[PDB]
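**Q** quick one, structure for this:
(one chain, ligands or ions: 2)
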Amino acid sequence: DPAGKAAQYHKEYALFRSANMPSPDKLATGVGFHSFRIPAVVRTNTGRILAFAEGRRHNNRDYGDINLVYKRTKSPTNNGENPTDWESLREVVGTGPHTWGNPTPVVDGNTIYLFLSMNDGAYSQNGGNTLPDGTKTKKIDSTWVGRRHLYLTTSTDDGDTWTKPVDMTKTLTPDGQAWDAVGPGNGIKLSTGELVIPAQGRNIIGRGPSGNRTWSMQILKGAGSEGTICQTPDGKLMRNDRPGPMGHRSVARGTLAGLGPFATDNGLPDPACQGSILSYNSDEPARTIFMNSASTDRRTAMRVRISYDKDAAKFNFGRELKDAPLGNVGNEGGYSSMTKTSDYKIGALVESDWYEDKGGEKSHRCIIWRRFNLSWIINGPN
Ligand SMILES: *[C@]1(C(=O)O)O[C@@H]([C@H](O)[C@H](O)CO)[C@H](O)[C@@H](O)[C@H]1F
Ligand code: NA
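**A** Residues are numbered from 1 along each chain as shown. Ligands and ions are numbered 1, 2, ... in the order given. Sharing the structure here:
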């Protein structure tokens, strides 16, 4: 790989700073956040980087009052190189005591589409959970009030502002469904111009001229809840999904006409956690990048890998992110998101956990921004 001849480059720092950290991230209203989780990142066609997360207000739990927040690079050209290259925290949507999350963006010319999941603030995936006011959540169910919804917001000004989110649940989620997820992480634009967004048990497909899309569902058999999508160099689609049981990624390949069966990929261990994937380039040699916790049982084994295969069948060992560790951010590892920057770097957001209350709801969570070049990955010790 000719990119492996270059000098290695890596740089890393916290981008979403939890309430317990110095200079914690807050909205201009003064609203701060206990934890930030569930990253999503995209480079827009200006070169500006948009980073999204769940601002989890009161604790680290996936239910409750959670606002979908973001930051942009201050200019289209700075590539998020340094902490001061980023704007202060802003909000996409935070209405009510509800959960707004699962950011799943895709860039489509001069429009950025952002899919997201939502539930009413009184409900949680398991039910029976205690909220900050002492009330107990109901279990997410199939009722309109109690189900997980799917919303869509758009920006036509390089992420400066966002439309009022549109509830698309009635057309883009199956009738009768209770729990649901979109992404989280990102969707894609195909070489043929369609948009594909990964969701629980399905793809969401956007068709039409750039910026004037209409959306349909592609229902999948055996897909996971939290999926990733990419178009591999052969032009085919691939779903690489978080498994139900801990063990390995679950993968399927196909086209807009349908995907083949999902099967466990024994080359990609995974602890039942979200991962991310990126078509880095389609020219020779074509590269697909994959990031997850490369472990059957913990989230603290983050690994970025390259595949040169036309169908991304096999990835290399790649590189452990602990080779460029960051102090003063807790224990790095968890959900992740990747984009390619204008200056030929991979930009990755990666969750980190201060772990103060161990697995408990009071442990503060923050998000790291990493940039690295192919050389950094290629020339990893292993
Ligand atoms: C995530 C996690 O940290 O494991 O889990 C998902 C969800 O609980 C699982 O996919 C099982 O359905 C949450 O939606 C996400 O916010 C995060 F917590
Ligand atoms: Na809110």
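**Q** what about residue 75, distance to ligand 1?
**A** Separation of residue 75 from ligand 1 (CB to the nearest ligand atom, to the nearest Å): 31 Å. Any C-beta I mention is one placed from the backbone N, CA and C, and that applies to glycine too.
**Q** phi, psi for that residue please.
**A** Dihedral angles phi and psi of residue 75 (degrees, to the nearest 10) take the values phi -130, psi 160.
**Q** tell me who's in contact with it.
**A** Each residue near residue 75 by CB atoms under 8 Å, 6 or more residues apart in numbering is listed here: 48, 85.
**Q** going forward, the N-terminal residue is numbered 91.
**A** Sounds good: first residue 91 from here, last item residue 165.
**Q** can you give me the strands in the stretch 291-440 of the chain?
**A** Counting by DSSP state E, counting those that start in this stretch, the stretch 291-440 of the chain has these strands, from start to end: 292-297, 304-309, 317-321, 327-331, 337-345, 348-349, 353-360, 366-371, 377-383, 392-397, 409-410, 421-430, 436-443.
**Q** these: which one's closest to ligand 1?
**A** Comparing those against ligand 1 with CB to the nearest ligand atom, the closest turns out to be strand 421-430 (6.5 Å).
**Q** show me what the closest one is packed against.
**A** Strand 421-430 makes packing contacts with strand 125-133, strand 366-371, strand 377-383, strand 392-397, strand 436-443 when contacts are defined by 3 or more CB pairs under 8 Å, 6 or more residues apart in numbering; DSSP states H and E.
**Q** for it, buried residues please.
**A** Along strand 421-430, these residues count as buried under the neighbour rule (16 or more other CB atoms under 10 Å): 422-430.
**Q** which of those residues sits closest to residue 262?
**A** Within the buried residues of strand 421-430, the smallest distance to residue 262 is 21.3 Å, found for residue 427 (CB to CB).
**Q** pretty sure the closest one sits against residue 457.
**A** No - here residue 427 lies out of contact with residue 457, judged by CB atoms under 8 Å, at a distance of 9.4 Å.
**Q** identify the contacts common to these two.
**A** Common contacts of residue 427 and residue 457, defined by CB under 8 Å, 6+ apart, comprise 129, 439.
**Q** coming back round to it: distance to ligand 2 for the strands of the stretch 291-440 of the chain - can I get that in CSV?
**A** Formatted as CSV, the entries for those read as follows, by distance: least, CB to the ion, whole Å:
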stretch, distance to ligand 2
strand 292-297, 25
strand 304-309, 26
strand 317-321, 26
strand 327-331, 29
strand 337-345, 33
strand 348-349, 36
strand 353-360, 31
strand 366-371, 26
strand 377-383, 29
strand 392-397, 30
strand 409-410, 37
strand 421-430, 21
strand 436-443, 21
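**Q** leaving out sequence neighbours, find the closest residue to residue 167.
**A** The spatial neighbour of residue 167 that comes closest, neighbours along the chain excluded (CB to CB, 6 or more residues apart in numbering), is residue 137 at 5.7 Å.
**Q** equivalent analysis for residue 206, please.
**A** residue 241 (5.0 Å).
**Q** secondary structure class for the one you found?
**A** Three-state secondary structure (criterion: DSSP: H, G, I helix; E, B strand; the rest coil) places residue 241 in strand.
**Q** what's the burial count for it?
**A** 22 (other CB atoms under 10 Å).
**Q** ditto for residue 346
**A** Residue 346 has 15 neighbouring residues, counting by other CB under 10 Å.
**Q** same thing with the one 10 residues further on?
**A** Taking other CB under 10 Å as the neighbour definition, residue 356 ends up with a count of 9.
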